[PDB]
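To keep things clear, I will list the structure first and then write my remarks on it.
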Amino acid sequence: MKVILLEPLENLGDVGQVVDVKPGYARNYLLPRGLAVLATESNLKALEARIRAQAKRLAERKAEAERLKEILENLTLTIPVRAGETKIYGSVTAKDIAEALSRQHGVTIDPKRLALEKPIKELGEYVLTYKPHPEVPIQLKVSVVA
Amino acid sequence: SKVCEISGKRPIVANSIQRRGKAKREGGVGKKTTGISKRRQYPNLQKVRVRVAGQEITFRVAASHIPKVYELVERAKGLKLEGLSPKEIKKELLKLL
RNA sequence: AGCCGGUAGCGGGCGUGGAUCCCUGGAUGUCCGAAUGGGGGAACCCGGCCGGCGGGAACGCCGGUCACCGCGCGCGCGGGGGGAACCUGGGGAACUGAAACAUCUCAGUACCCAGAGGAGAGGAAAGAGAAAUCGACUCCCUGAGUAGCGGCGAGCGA
RNA sequence: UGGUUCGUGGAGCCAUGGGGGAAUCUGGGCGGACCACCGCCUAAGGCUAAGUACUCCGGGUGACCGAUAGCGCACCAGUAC
RNA sequence: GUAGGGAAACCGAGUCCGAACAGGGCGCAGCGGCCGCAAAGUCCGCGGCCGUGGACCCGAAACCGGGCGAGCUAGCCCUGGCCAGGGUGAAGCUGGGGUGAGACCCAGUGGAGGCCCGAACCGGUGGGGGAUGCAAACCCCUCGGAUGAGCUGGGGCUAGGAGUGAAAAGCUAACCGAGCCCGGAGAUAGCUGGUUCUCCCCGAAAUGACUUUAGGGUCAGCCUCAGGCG
RNA sequence: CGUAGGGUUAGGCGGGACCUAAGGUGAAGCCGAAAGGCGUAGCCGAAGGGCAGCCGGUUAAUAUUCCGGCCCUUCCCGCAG
RNA sequence: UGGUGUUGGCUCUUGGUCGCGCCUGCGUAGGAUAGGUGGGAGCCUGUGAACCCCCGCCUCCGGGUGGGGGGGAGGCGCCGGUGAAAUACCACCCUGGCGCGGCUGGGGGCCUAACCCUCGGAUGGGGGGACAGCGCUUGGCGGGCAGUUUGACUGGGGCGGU
RNA sequence: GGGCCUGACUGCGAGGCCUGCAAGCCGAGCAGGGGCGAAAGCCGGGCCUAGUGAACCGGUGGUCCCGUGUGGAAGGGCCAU
RNA sequence: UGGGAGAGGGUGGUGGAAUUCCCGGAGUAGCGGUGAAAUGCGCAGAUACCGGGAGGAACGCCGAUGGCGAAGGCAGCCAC
RNA sequence: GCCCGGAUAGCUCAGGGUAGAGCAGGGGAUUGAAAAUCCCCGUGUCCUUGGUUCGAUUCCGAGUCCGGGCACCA
Ligand SMILES: [Mg+2]
Ligand SMILES: [Mg+2]
Ligand SMILES: [Mg+2]
Ligand SMILES: [Mg+2]
Ligand SMILES: [Mg+2]
Ligand SMILES: [Mg+2]
Ligand SMILES: [Mg+2]
Ligand SMILES: [Mg+2]
Ligand SMILES: [Mg+2]
Ligand SMILES: [Mg+2]
Ligand SMILES: [Mg+2]
Ligand SMILES: [Mg+2]
Ligand SMILES: [Mg+2]
Ligand SMILES: [Mg+2]
Ligand SMILES: [Mg+2]
Ligand SMILES: [Mg+2]
Ligand SMILES: [Mg+2]
Ligand SMILES: [Mg+2]
Ligand SMILES: [Mg+2]
Ligand SMILES: [Mg+2]
Ligand SMILES: [Mg+2]
Ligand SMILES: [Mg+2]
Ligand SMILES: [Mg+2]
Ligand SMILES: [Mg+2]
Ligand SMILES: [Mg+2]
Ligand SMILES: [Mg+2]
Ligand SMILES: [Mg+2]
Ligand SMILES: [Mg+2]
Ligand SMILES: [Mg+2]
Ligand SMILES: [Mg+2]
Ligand SMILES: [Mg+2]
Ligand SMILES: [Mg+2]
Ligand SMILES: [Mg+2]
Ligand SMILES: [Mg+2]
Ligand SMILES: [Mg+2]
Ligand SMILES: [Mg+2]
Ligand SMILES: [Mg+2]
Ligand SMILES: [Mg+2]
Ligand SMILES: [Mg+2]
Ligand SMILES: [Mg+2]
Ligand SMILES: [Mg+2]
Ligand SMILES: [Mg+2]
Ligand SMILES: [Mg+2]
Ligand SMILES: [Mg+2]
Ligand SMILES: [Mg+2]
Ligand SMILES: [Mg+2]
Ligand SMILES: [Mg+2]
Ligand SMILES: [Mg+2]
Ligand SMILES: [Mg+2]
Ligand SMILES: [Mg+2]
Ligand SMILES: [Mg+2]
Ligand SMILES: [Mg+2]
Ligand SMILES: [Mg+2]
Ligand SMILES: [Mg+2]
Ligand SMILES: [Mg+2]
Ligand SMILES: [Mg+2]
Ligand SMILES: [Mg+2]
Ligand SMILES: [Mg+2]
Ligand SMILES: [Mg+2]
Ligand SMILES: [Mg+2]
Ligand SMILES: [Mg+2]
Ligand SMILES: [Mg+2]
Ligand SMILES: [Mg+2]
Ligand SMILES: [Mg+2]
Ligand SMILES: [Mg+2]
Ligand SMILES: [Mg+2]
Ligand SMILES: [Mg+2]
Ligand SMILES: [Mg+2]
Ligand SMILES: [Mg+2]
Ligand SMILES: [Mg+2]
Ligand SMILES: [Mg+2]
Ligand SMILES: [Mg+2]
Ligand SMILES: [Mg+2]
Ligand SMILES: [Mg+2]
Ligand SMILES: [Mg+2]
Ligand SMILES: [Mg+2]
Ligand SMILES: [Mg+2]
Ligand SMILES: [Mg+2]
Ligand SMILES: [Mg+2]
Ligand SMILES: [Mg+2]
Ligand SMILES: [Mg+2]
Ligand SMILES: [Mg+2]
Ligand SMILES: [Mg+2]
Ligand SMILES: [Mg+2]
Ligand SMILES: [Mg+2]
Ligand SMILES: [Mg+2]
Ligand SMILES: [Mg+2]
Ligand SMILES: [Mg+2]
Ligand SMILES: [Mg+2]
Ligand SMILES: [Mg+2]
Ligand SMILES: [Mg+2]
Ligand SMILES: [Mg+2]
Ligand SMILES: [Mg+2]
Ligand SMILES: [Mg+2]
Ligand SMILES: [Mg+2]
Ligand SMILES: [Mg+2]
Ligand SMILES: [Mg+2]
Ligand SMILES: [Mg+2]
Ligand SMILES: [Mg+2]
Ligand SMILES: [Mg+2]
Ligand SMILES: [Mg+2]
Ligand SMILES: [Mg+2]
Ligand SMILES: [Mg+2]
Ligand SMILES: [Mg+2]
Ligand SMILES: [Mg+2]
Ligand SMILES: [Mg+2]
Ligand SMILES: [Mg+2]
Ligand SMILES: [Mg+2]
Ligand SMILES: [Mg+2]
Ligand SMILES: [Mg+2]
Ligand SMILES: [Mg+2]
Ligand SMILES: [Mg+2]
Ligand SMILES: [Mg+2]
Ligand SMILES: [Mg+2]
Ligand SMILES: [Mg+2]
Ligand SMILES: [Mg+2]
Ligand SMILES: [Mg+2]
Ligand SMILES: [Mg+2]
Ligand SMILES: [Mg+2]
Ligand SMILES: [Mg+2]
Ligand SMILES: [Mg+2]
Ligand SMILES: [Mg+2]
Ligand SMILES: [Mg+2]
Ligand SMILES: [Mg+2]
Ligand SMILES: [Mg+2]
Ligand SMILES: [Mg+2]
Ligand SMILES: [Mg+2]
Ligand SMILES: [Mg+2]
Ligand SMILES: [Mg+2]
Ligand SMILES: [Mg+2]
Ligand SMILES: [Mg+2]
Ligand SMILES: [Mg+2]
Ligand SMILES: [Mg+2]
Ligand SMILES: [Mg+2]
Ligand SMILES: [Mg+2]
Ligand SMILES: [Mg+2]
Ligand SMILES: [Mg+2]
Ligand SMILES: [Mg+2]
Ligand SMILES: [Mg+2]
Ligand SMILES: [Mg+2]
Ligand SMILES: [Mg+2]
Ligand SMILES: [Mg+2]
Ligand SMILES: [Mg+2]
Ligand SMILES: [Mg+2]
Ligand SMILES: [Mg+2]
Ligand SMILES: [Mg+2]
Ligand SMILES: [Mg+2]
Ligand SMILES: [Mg+2]
Ligand SMILES: [Mg+2]
Ligand SMILES: [Mg+2]
Ligand SMILES: [Mg+2]
Ligand SMILES: [Mg+2]
Ligand SMILES: [Mg+2]
Ligand SMILES: [Mg+2]
Ligand SMILES: [Mg+2]
Ligand SMILES: [Mg+2]
Ligand SMILES: [Mg+2]
Ligand SMILES: [Mg+2]
Ligand SMILES: [Mg+2]
Ligand SMILES: [Mg+2]
Ligand SMILES: [Mg+2]
Ligand SMILES: [Mg+2]
Ligand SMILES: [Mg+2]
Ligand SMILES: [Mg+2]
Ligand SMILES: [Mg+2]
Ligand SMILES: [Mg+2]
Ligand SMILES: [Mg+2]
Ligand SMILES: [Mg+2]
Ligand SMILES: [Mg+2]
Ligand SMILES: [Mg+2]
Ligand SMILES: [Mg+2]
Ligand SMILES: [Mg+2]
Ligand SMILES: [Mg+2]
Ligand SMILES: [Mg+2]
Ligand SMILES: [Mg+2]
Ligand SMILES: [Mg+2]
Ligand SMILES: [Mg+2]
Ligand SMILES: [Mg+2]
Ligand SMILES: [Mg+2]
Ligand SMILES: [Mg+2]
Ligand SMILES: [Mg+2]
Ligand SMILES: [Mg+2]
Ligand SMILES: [Mg+2]
Ligand SMILES: [Mg+2]
Ligand SMILES: [Mg+2]
Ligand SMILES: [Mg+2]
Ligand SMILES: [Mg+2]
Ligand SMILES: [Mg+2]
Ligand SMILES: [Mg+2]
Ligand SMILES: [Mg+2]
Ligand SMILES: [Mg+2]
Ligand SMILES: [Mg+2]
Ligand SMILES: [Mg+2]
Ligand SMILES: [Mg+2]
Ligand SMILES: [Mg+2]
Ligand SMILES: [Mg+2]
Ligand SMILES: [Mg+2]
Ligand SMILES: [Mg+2]
Ligand SMILES: [Mg+2]
Ligand SMILES: [Mg+2]
Ligand SMILES: [Mg+2]
Ligand SMILES: [Mg+2]
Ligand SMILES: [Mg+2]
Ligand SMILES: [Mg+2]
Ligand SMILES: [Mg+2]
Ligand SMILES: [Mg+2]
Ligand SMILES: [Mg+2]
Ligand SMILES: [Mg+2]
Ligand SMILES: [Mg+2]
Ligand SMILES: [Mg+2]
Ligand SMILES: [Mg+2]
Ligand SMILES: [Mg+2]
Ligand SMILES: [Mg+2]
Ligand SMILES: [Mg+2]
Ligand SMILES: [Mg+2]
Ligand SMILES: [Mg+2]
Ligand SMILES: [Mg+2]
Ligand SMILES: [Mg+2]
Ligand SMILES: [Mg+2]
Ligand SMILES: [Mg+2]
Ligand SMILES: [Mg+2]
Ligand SMILES: [Mg+2]
Ligand SMILES: [Mg+2]
Ligand SMILES: [Mg+2]
Ligand SMILES: [Mg+2]
Ligand SMILES: [Mg+2]
Ligand SMILES: [Mg+2]
Ligand SMILES: [Mg+2]
Ligand SMILES: [Mg+2]
Ligand SMILES: [Mg+2]
Ligand SMILES: [Mg+2]
Ligand SMILES: [Mg+2]
Ligand SMILES: [Mg+2]
Ligand SMILES: [Mg+2]
Ligand SMILES: [Mg+2]
Ligand SMILES: [Mg+2]
Ligand SMILES: [Mg+2]
Ligand SMILES: [Mg+2]
Ligand SMILES: [Mg+2]
Ligand SMILES: [Mg+2]
Ligand SMILES: [Mg+2]
Ligand SMILES: [Mg+2]
Ligand SMILES: [Mg+2]
Ligand SMILES: [Mg+2]
Ligand SMILES: [Mg+2]
Ligand SMILES: [Mg+2]
Ligand SMILES: [Mg+2]
Ligand SMILES: [Mg+2]
Ligand SMILES: [Mg+2]
Ligand SMILES: [Mg+2]
Ligand SMILES: [Mg+2]
């Protein structure tokens with residue numbers, strides 16, 4: 001008997017997988033405990049309908065990740081600070097590097113997705129990693145200047 | 001054992017035919033009938049309990065049509081059956097036949 | 001043109017202003033009975049609700065309503081029981097015959113049950129069966145006691 | 001296991017209580033085991049007048065009875081008993 | 001009906017067996033002068049007899065189906081009722097004796113029991129009567145039980161291969177080794193009985209063979225009628 | 001016996017408008033080819049439980065029923081506590 | 001009473017066939033433990049050789065051997081002695097014997113969730129438990145019941161005889 | 001008693017015996033191919049009369065006769081047992 | 001009055017050895033028995049060996065030429 | 001009719017390279033005996049026939065004979 005597991009099950013298979021079991025096990029254990037559902041025709045293309053929808057919404061999120069990869073490795077964010085020759089008096093935060101980008105190139109970007117562990121307290125040219133979702137990182141060149 | 005609620009299978013009358021002798025096809029003189037008498041063949045009726053709209057429903061069904069019960073449970077999901085008795089739920093399930 | 005049933009009589013009435021009588025429709029239609037408010041040893045008994053009657057609250061009577069089950073979204077519609085035979089379906093004997101008897105016969109008959117209706121069944125080929133053919137089903141004639149079936153017996157029979 | 005002429009027979013066909021269990025025309029059933037070839041037909045939903053049967057009932061007609069006959073009953077009979 | 005032979009393929013006035021031109025089995029061919037009469041054959045009518053049906057009529061004991069019965073009787077269930085009077089005198093209890101204490105003994109009280117005697121009530125032992133009865137089981141005398149496994153009223157339950165039975169195959173509505181009614185049904189009866197006007201002609205048999213046959217049958221024998229032969 | 005006329009009087013007697021027993025029936029539920037067979041509650045079911053009337057007189061014929069005397073029950077409504 | 005349905009989960013241990021891997025095979029004469037026939041003058045070892053030690057081992061107890069730590073230029077054939085059958089390497093196979101894999105079939109232990117029983121509490125708890133029960137099918141026991149059969153002749157019938 | 005042999009034949013059979021039927025019995029002669037005999041001829045078991053069992057159902061070896069649209073096959077038929 | 005020894009008797013309890021039988025494991029061709037044997041038992045797995053279990057009866061050593069009782073008779077150990 | 005077996009000394013039985021073992025029979029030891037015991041001794045076409053092998057109890061084939069076991073009988 002073929003069923004669609006609704007959960008990972010020990011030595012049976014992964015969620016969404018279609019495996020083959022003795023009828024008594026399915027209709028007396030798996031099915032009354034929401035563990036799987038009979039691999040009928042009707043709710044078979046449903047699996048398809050939802051594997052297709054996830055394949056979409058992911059690879060979309062991998063394309064609204066790239067509309068901001070080209071549009072951010074293709075500029076510099078220049079942050080005028082007040083400083084004496086090397087070290088800043090205040091500092092520049094992710095929040096800072098955020099409000100600044102949303103100002104010049106007006107690109108909304110989330111400070112916490114931005115690898116700034118210690119706030120920047122010196123002058124120079126900085127490369128910084130931005131992850132708006134994994135496997136799609138973004139290197140940001142930024143110039144803090146006086 | 002009476003009657004299948006899904007398929008309508010029902011007890012039937014058959015003969016029990018006792019034969020002696022050797023079949024012609026094995027070189028014997030042939031088979032003789034030493035008794036014919038009436039008997040009954042019964043559906044393999046069995047019980048199937050399913051929970052539907054939170055209610056427990058029970059079918060008396062030939063083992064052959066056990067899968068047809070669960071099919072009815074599926075097709076039942078289109079209907080709103082909550083609030084009805086287990087009697088009225090079954091009636092709905094059987095109209096989907 | 002007579003009439004008030006068979007039915008005369010006592011004692012009283014009616015009819016050409018059309019009676020009696022015959023035909024159609026209608027009204028009335030106690031109680032029991034599927035019997036159905038409930039009960040019950042059928043034709044009796046006992047109630048709820050609304051309205052009425054009496055002097056009427058107790059008590060009683062009158063009218064209306066109140067069983068179960070099925071189907072449709074408490075409301076409707078439907079069912080129930082009967083019918084000489086006939087019909088279909090579910091069950092289904094034995095005597096007898098085989099000059100004994102068991103397979104076989106009687107016979108899917110008698111009979112029980114369910115259902116139907118003025119009929120019922122069947123019915124528009126997943127047919128026939130050899131015609132390179134036919135063209136739903138039903139019923140009669142024939143095919144034919146043929147083909148066959150059969151303790152290859154008694155018989156059975158397309 | 002039943003049905004058919006078919007009583008296990010070379011036993012198909014039609015039906016189906018039990019087990020196993022497809023396909024959508026390049027699909028499937030049948031032509032009496034089976035196989036090939038050649039044909040026939042499209043299963044697993046339903047309905048459908050008429051021609052057929054019967055006689056509680058009505059009328060018509062008898063080389064039918066005529067009161068021990070003809071219905072059990074010509075008559076107050078499914079009665080008396 | 002007009003063709004038959006062969007298991008058949010098949011052949012055909014022939015065919016089958018056979019190697020056969022062998023032998024054999026089963027088959028094949030009107031009367032008078034083209035007209036007439038007659039005829040295969042066939043159709044209808046009539047009569048005899050046979051087959052199938054209940055098949056000449058009446059008659060079982062039985063078998064099967066579906067119902068009707070426990071107002072009789074048998075058991076059980078529920079609820080009530082009844083058993084004069086007399087007799088015997090268990091246990092216990094009381095006191096007395098007894099003993100170390102006891103057992104135990106004695107008296108009194110007591111009122112037990114499928115105890116005793118005997119009516120009602122339930123029976124039915126022996127004899128007599130009755131015997132087309134008063135009566136399809138009764139009457140007289142006698143005799144058993146009579147606080148019990150007692151008897152009895154009302155309301156109920158169990159039934160036909162079934163009930164119920166302190167058991168007799170008893171009883172289940174006056175005949176129970178399988179109830180009663182209607183139906184199958186006109187069961188079947190190789191048996192028994194019965195079978196209806198007249199006249200005329202002829203006229204048997206009671207043996208053989210075979211027979212789950214022997215008092216029943218099939219064939220032959222013997223009777224009769226029609227046609228033919230002579 | 002035949003014909004005709006007359007005769008049976010109840011809140012308290014008996015039964016019902018009260019109870020339940022065996023049993024029967026039976027919402028729920030269970031089972032059986034059909035017919036049907038079961039089944040807790042409930043309902044039905046009495047000669048058991050429960051519940052208020054005694055004596056006398058009167059008719060040709062009824063009487064705890066009519067009448068006489070002396071008693072009692074339930075239901076309704078009202079007043080008082 | 002076997003099979004099968006209803007009928008599930010986890011294990012352990014088995015057996016049967018099929019596929020591949022590796023061995024086992026000792027009468028006699030002989031180098032020793034020679035499976036059968038065939039190929040065949042060369043196979044090998046740095047892609048570790050003769051001795052050591054762990055063993056699965058199978059030992060007819062003499063030997064066979066696999067992988068291990070040894071181990072750092074060496075083995076054994078054609079040669080041949082007696083063989084019915086030469087020895088090295090390769091190969092199809094025979095009698096066996098595991099090792100794995102395939103389908104299988106059997107037993108055992110447990111589990112719970114079908115099914116069964118139970119609990120004033122019931123989408124739940126406890127118990128039994130894939131057994132029991134019930135369907136289809138196999139074979140058996142089976143006067144408890146059913147339908148029947150149980151011959152004729154005969155100095156009556158039976159018995160005897162035939 | 002001995003030699004050679006398998007006629008303890010195949011295909012038929014005039015005509016009879018016996019006789020209810022069905023059976024049982026005897027049988028010359030013709031053909032094929034034989035055995036023995038120089039030949040006439042004999043030979044279709046045994047001096048003779050007992051030593052046996054109808055049919056149905058089925059086995060076997062042949063035959064190639066039927067073969068359920070057709071060609072095969074299943075299965076029958078026929079001859080022998 | 002104070003003391004002693006004792007299987008004196010009765011009730012209840014409870015301790016180990018052994019035998020038998022039952023289960024588990026391990027193991028194979030005999031075991032048993034006698035004067036010698038035979039019956040018996042054992043490959044359907046005995047005997048012999050190990051673990052578990054059940055149950056009855058009797059109390060080894062101490063123990064003696066001992067002790068106690070009127071006699072019959074009284075023996076694991078404990079309490080009464 | 002069909003399947004499985006057997007056949008080895010007087011008797012019951014064991015088994016590619018042997019012909020075994022026990023019990024019956026014989027002598028010897030032993031004893032009141034009868035036994036038990038103990039030593040030795042014999043007793044084969046391994047049913048027949050044809051083939052495998054270098055060779056056959058063995059393997060194969062075929063027969064005969066006797067066991068079993070299953071089934072059928074018009
Ligand atoms: Mg800052
Ligand atoms: Mg059967
Ligand atoms: Mg054959
Ligand atoms: Mg038969
Ligand atoms: Mg037959
Ligand atoms: Mg039966
Ligand atoms: Mg069920
Ligand atoms: Mg289930
Ligand atoms: Mg559930
Ligand atoms: Mg099925
Ligand atoms: Mg299935
Ligand atoms: Mg007048
Ligand atoms: Mg007048
Ligand atoms: Mg007048
Ligand atoms: Mg006028
Ligand atoms: Mg007018
Ligand atoms: Mg009218
Ligand atoms: Mg009513
Ligand atoms: Mg009623
Ligand atoms: Mg009112
Ligand atoms: Mg008034
Ligand atoms: Mg009023
Ligand atoms: Mg009223
Ligand atoms: Mg009313
Ligand atoms: Mg009705
Ligand atoms: Mg109707
Ligand atoms: Mg009919
Ligand atoms: Mg029918
Ligand atoms: Mg019957
Ligand atoms: Mg019958
Ligand atoms: Mg019959
Ligand atoms: Mg009969
Ligand atoms: Mg007849
Ligand atoms: Mg008969
Ligand atoms: Mg007869
Ligand atoms: Mg008879
Ligand atoms: Mg009969
Ligand atoms: Mg029959
Ligand atoms: Mg008949
Ligand atoms: Mg019939
Ligand atoms: Mg019918
Ligand atoms: Mg009829
Ligand atoms: Mg009509
Ligand atoms: Mg019609
Ligand atoms: Mg159509
Ligand atoms: Mg169609
Ligand atoms: Mg068409
Ligand atoms: Mg047609
Ligand atoms: Mg056409
Ligand atoms: Mg014709
Ligand atoms: Mg027939
Ligand atoms: Mg017949
Ligand atoms: Mg028939
Ligand atoms: Mg018939
Ligand atoms: Mg049939
Ligand atoms: Mg059939
Ligand atoms: Mg038929
Ligand atoms: Mg027909
Ligand atoms: Mg058929
Ligand atoms: Mg076909
Ligand atoms: Mg088919
Ligand atoms: Mg079919
Ligand atoms: Mg089916
Ligand atoms: Mg498609
Ligand atoms: Mg097609
Ligand atoms: Mg196809
Ligand atoms: Mg078909
Ligand atoms: Mg066809
Ligand atoms: Mg065909
Ligand atoms: Mg067709
Ligand atoms: Mg279609
Ligand atoms: Mg159809
Ligand atoms: Mg119609
Ligand atoms: Mg019509
Ligand atoms: Mg008429
Ligand atoms: Mg008329
Ligand atoms: Mg008269
Ligand atoms: Mg009359
Ligand atoms: Mg007259
Ligand atoms: Mg008359
Ligand atoms: Mg009439
Ligand atoms: Mg009439
Ligand atoms: Mg009459
Ligand atoms: Mg009359
Ligand atoms: Mg009358
Ligand atoms: Mg012919
Ligand atoms: Mg010929
Ligand atoms: Mg000729
Ligand atoms: Mg001729
Ligand atoms: Mg004529
Ligand atoms: Mg005749
Ligand atoms: Mg008739
Ligand atoms: Mg006649
Ligand atoms: Mg009978
Ligand atoms: Mg009988
Ligand atoms: Mg009956
Ligand atoms: Mg009745
Ligand atoms: Mg009674
Ligand atoms: Mg009575
Ligand atoms: Mg009493
Ligand atoms: Mg008394
Ligand atoms: Mg007394
Ligand atoms: Mg007294
Ligand atoms: Mg006295
Ligand atoms: Mg007394
Ligand atoms: Mg006295
Ligand atoms: Mg006294
Ligand atoms: Mg006294
Ligand atoms: Mg007292
Ligand atoms: Mg005293
Ligand atoms: Mg006393
Ligand atoms: Mg007394
Ligand atoms: Mg007494
Ligand atoms: Mg006395
Ligand atoms: Mg007495
Ligand atoms: Mg007495
Ligand atoms: Mg006395
Ligand atoms: Mg009496
Ligand atoms: Mg009496
Ligand atoms: Mg008497
Ligand atoms: Mg006397
Ligand atoms: Mg007398
Ligand atoms: Mg008498
Ligand atoms: Mg008397
Ligand atoms: Mg008297
Ligand atoms: Mg007297
Ligand atoms: Mg007396
Ligand atoms: Mg007395
Ligand atoms: Mg007495
Ligand atoms: Mg008394
Ligand atoms: Mg009593
Ligand atoms: Mg009584
Ligand atoms: Mg009583
Ligand atoms: Mg009585
Ligand atoms: Mg009564
Ligand atoms: Mg009864
Ligand atoms: Mg009873
Ligand atoms: Mg009866
Ligand atoms: Mg009856
Ligand atoms: Mg009985
Ligand atoms: Mg009695
Ligand atoms: Mg009666
Ligand atoms: Mg009677
Ligand atoms: Mg009687
Ligand atoms: Mg009697
Ligand atoms: Mg009888
Ligand atoms: Mg009977
Ligand atoms: Mg009788
Ligand atoms: Mg009677
Ligand atoms: Mg009667
Ligand atoms: Mg009737
Ligand atoms: Mg009838
Ligand atoms: Mg009849
Ligand atoms: Mg008749
Ligand atoms: Mg009769
Ligand atoms: Mg008879
Ligand atoms: Mg007779
Ligand atoms: Mg008579
Ligand atoms: Mg006569
Ligand atoms: Mg004459
Ligand atoms: Mg004369
Ligand atoms: Mg004669
Ligand atoms: Mg004679
Ligand atoms: Mg005979
Ligand atoms: Mg006879
Ligand atoms: Mg006789
Ligand atoms: Mg006789
Ligand atoms: Mg006579
Ligand atoms: Mg006779
Ligand atoms: Mg005659
Ligand atoms: Mg003559
Ligand atoms: Mg004649
Ligand atoms: Mg003449
Ligand atoms: Mg003459
Ligand atoms: Mg009078
Ligand atoms: Mg009166
Ligand atoms: Mg009063
Ligand atoms: Mg009232
Ligand atoms: Mg009441
Ligand atoms: Mg009540
Ligand atoms: Mg009812
Ligand atoms: Mg209901
Ligand atoms: Mg009932
Ligand atoms: Mg009840
Ligand atoms: Mg009530
Ligand atoms: Mg009642
Ligand atoms: Mg009541
Ligand atoms: Mg009462
Ligand atoms: Mg009481
Ligand atoms: Mg009372
Ligand atoms: Mg009262
Ligand atoms: Mg009073
Ligand atoms: Mg008066
Ligand atoms: Mg009076
Ligand atoms: Mg008074
Ligand atoms: Mg008064
Ligand atoms: Mg107040
Ligand atoms: Mg079974
Ligand atoms: Mg199973
Ligand atoms: Mg378990
Ligand atoms: Mg367990
Ligand atoms: Mg659970
Ligand atoms: Mg659990
Ligand atoms: Mg559990
Ligand atoms: Mg539960
Ligand atoms: Mg539970
Ligand atoms: Mg549980
Ligand atoms: Mg099971
Ligand atoms: Mg099976
Ligand atoms: Mg059976
Ligand atoms: Mg028997
Ligand atoms: Mg019998
Ligand atoms: Mg029995
Ligand atoms: Mg009987
Ligand atoms: Mg017989
Ligand atoms: Mg006789
Ligand atoms: Mg005689
Ligand atoms: Mg005699
Ligand atoms: Mg004689
Ligand atoms: Mg005599
Ligand atoms: Mg005599
Ligand atoms: Mg005799
Ligand atoms: Mg000679
Ligand atoms: Mg010669
Ligand atoms: Mg002749
Ligand atoms: Mg003759
Ligand atoms: Mg003869
Ligand atoms: Mg010649
Ligand atoms: Mg010659
Ligand atoms: Mg010559
Ligand atoms: Mg010559
Ligand atoms: Mg000759
Ligand atoms: Mg001779
Ligand atoms: Mg026959
Ligand atoms: Mg034959
Ligand atoms: Mg042949
Ligand atoms: Mg042909
Ligand atoms: Mg064909
Ligand atoms: Mg071909
Ligand atoms: Mg052909
Ligand atoms: Mg043939
Ligand atoms: Mg044949
Ligand atoms: Mg053939
Ligand atoms: Mg002292
Ligand atoms: Mg053990
Ligand atoms: Mg032994
Ligand atoms: Mg042994
Ligand atoms: Mg063994
Ligand atoms: Mg014990
Ligand atoms: Mg002393
Ligand atoms: Mg053979």
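These numbers come from the heavy atoms of this one structure, side chains and all, not from hydrogens, waters or symmetry mates. Naming convention: chains lettered A, B, ... in sequence-line order (proteins, then strands); numbering from 1 in each chain.
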Scan A:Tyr25 against the nucleic acid and name what it touches under 4.0 Å (heavy atoms): base, sugar-phosphate only, or nothing. base
Watson-Crick or G-U wobble between D:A36 and H:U70, both distances under 3.5 Å? yes
Positive for side-chain contact (heavy atoms from CB on, under 4.5 Å) with A:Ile97, one of A:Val92, A:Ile109, A:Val144: A:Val92
So B:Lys38, base contact, sugar-phosphate only, or nothing? Heavy-atom distance under 4.0 Å. base
Can you check whether B:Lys47 has a side-chain N or O nearer than 4.0 Å to OP1 or OP2 of G:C116? yes
Quick one, G:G161 with G:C153, are they a Watson-Crick or G-U pair at under 3.5 Å for both distances? yes
Is the phosphate of D:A11, meaning OP1 or OP2, less than 4.0 Å from a side-chain N or O of B:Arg25? yes
Check G:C51 against G:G70: Watson-Crick (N1-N3 plus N6-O4 or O6-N4) or wobble (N1-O2 and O6-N3), both under 3.5 Å. Paired or not? yes
Using a 4.0 Å heavy-atom cut-off, does B:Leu45 contact any base of the nucleic acid, only the sugar-phosphate backbone, or nothing at all? nothing
Check whether the side chain of B:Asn44 and the base of G:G5 form a donor-acceptor pair under 3.5 Å. yes
Is it true that F:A21 and G:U28 form a pair, Watson-Crick or G-U wobble, with both distances below 3.5 Å? no
If the cut-off is 4.0 Å, is B:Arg39 near the phosphate of G:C136, judged by side-chain N/O to OP1 or OP2? yes
Base G:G133 paired with B:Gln46 side chain (donor-acceptor, <3.5 Å): yes
Please indicate whether G:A122 is base-paired to G:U148 in either the Watson-Crick or the G-U wobble sense, using a 3.5 Å limit on both distances. no
Determine: side-chain N/O of A:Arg27 to OP1/OP2 of G:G8, distance under 4.0 Å, yes or no. no
Would you tell me if any nitrogen or oxygen in the side chain of B:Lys2 comes within less than 4.0 Å of OP1 or OP2 on F:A34? yes
According to the Watson-Crick and G-U wobble definitions, with both distances under 3.5 Å, which nucleotide is paired to I:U28? none
